[PDB]
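Participant:
2 protein chains.
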Amino acid sequence: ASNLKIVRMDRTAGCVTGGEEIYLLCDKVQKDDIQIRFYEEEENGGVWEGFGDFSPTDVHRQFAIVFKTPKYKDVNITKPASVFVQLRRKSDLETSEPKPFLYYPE
Amino acid sequence: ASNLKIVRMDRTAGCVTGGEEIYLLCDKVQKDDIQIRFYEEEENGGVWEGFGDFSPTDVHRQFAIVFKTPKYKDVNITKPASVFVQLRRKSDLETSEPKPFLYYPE
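Which chain is which? The protein sequence lines are A and A', in order. A prime marks a further copy of an entry chain.
Taking the deposited numbering, the leading residue of the first sequence gets 245, the next gets one more, and so forth.
Taking the deposited numbering, the leading residue of the second sequence gets 245, the next gets one more, and so forth.
1. Please classify residue 346/A as buried or exposed, where buried requires at least 16 other C-beta atoms within 10 Å of its C-beta.
2. Step through the CB atoms of chain A and report whether any lies within less than 8 Å of the CB of residue 245/A'.
3. Are the Cβ atoms of residue 294/A' and residue 311/A' separated by less than 8 Å?
4. Just to make sure I have the definition right: I need the residues of chain A whose C-beta is within less than 9 Å of the C-beta of residue 254/A'. Which are they?
5. Straight-line CA distance for residue 268/A to residue 245/A'?
6. For the beta strand (DSSP E) that contains residue 344/A, what are its first and last residues?
7. Roughly how far, in whole angstroms, is the beta-carbon of residue 306/A' from the beta-carbon of residue 272/A', given that I think they are within contact range, below 8 Å?
8. Which whole runs of the beta strand (DSSP E) in the segment 276 to 324 of chain A' are 3 residues long or more, in chain order?
9. Short check: CB of residue 316/A' to CB of residue 257/A', under 8 Å?
Rendered as structure tokens:
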């Protein structure tokens, strides 16, 4: 929808160890009721999830968030791991349409 | 000032040939009355200037602009060339406090 929406991200891939800064342009969000969720449906095993590292201060005028990537689940991957990133409102867990994110082996 | 203000840029260096995408978080600006100016006071020789490549569509809700870097003046530099980037309102040529930008040799 447009409520929560990732307009564009400056990085769509990142080192498996996480900790990398990303500029994410989004539709209006509340700095204190927003988290960036990286996740991967582990199919039969469920769903892995990691959250972008940032504070309300990194939410620029409610239309962008500069954050750092979470460490992927398996920091010893041999080849790229495809996950998803979605904006998610903390209160009611509302979600944006996901964006593909590639985690690459260090 | 705060009128025009570059809050943060995801890249502060770039290839001398230009054409590189940068996410720039800024204070409120008007998508049709804004340009991103890269410049270098050529001291005795004056001032070199290049403008970020983008259209009003790349101005995200008046608080960010995704643009591409201009080609530096000397595309054959042997070592990093320091310039400045400032937001500049097209109409009255109002300016933001500059941000250091490093152009590196291809």
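The beta-carbon is built from N, C-alpha and C at its ideal position, and this holds for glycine as well.
Facilitator: This is what the structure gives:
1. Numbered from 1 along the first sequence, position 102 holds the residue referred to as residue 346/A. So residue 346/A ends up on the exposed side.
2. Translated into the one-based positions of the second sequence, residue 245/A' becomes position 1. It does not; no Cβ of chain A falls within 8 Å.
3. Your numbering for residue 294/A' matches position 50 in the second sequence. Your numbering for residue 311/A' matches position 67 in the second sequence. Cβ atoms of residue 294/A' and residue 311/A': not closer than 8 Å.
4. Your numbering for residue 254/A' matches position 10 in the second sequence. In chain order: 254, 255, 265, 266, 267 and 310.
5. Taking the first residue of the first sequence as position 1, residue 268/A is located at position 24. Taking the first residue of the second sequence as position 1, residue 245/A' is located at position 1. Approximately 25 Å between the Cα atoms of the pair.
6. Here residue 344/A refers to the residue found at position 100 when the first sequence is read from its first residue. Unbroken beta strand (DSSP E) run through residue 344/A: 343 to 348.
7. Residue mapping note: residue 306/A' aligns to position 62 of the second sequence, counting from 1. Residue mapping note: residue 272/A' aligns to position 28 of the second sequence, counting from 1. Their Cβ separation, rounded to whole angstroms, is 5 Å, which keeps residue 306/A' and residue 272/A' in contact under 8 Å.
8. 279 to 285, 291 to 295 and 308 to 312
9. Working through the second sequence from its first residue, we reach residue 316/A' at position 72. Working through the second sequence from its first residue, we reach residue 257/A' at position 13. No; because the gap between Cβ atoms is not below 8 Å, this pair is not in contact.
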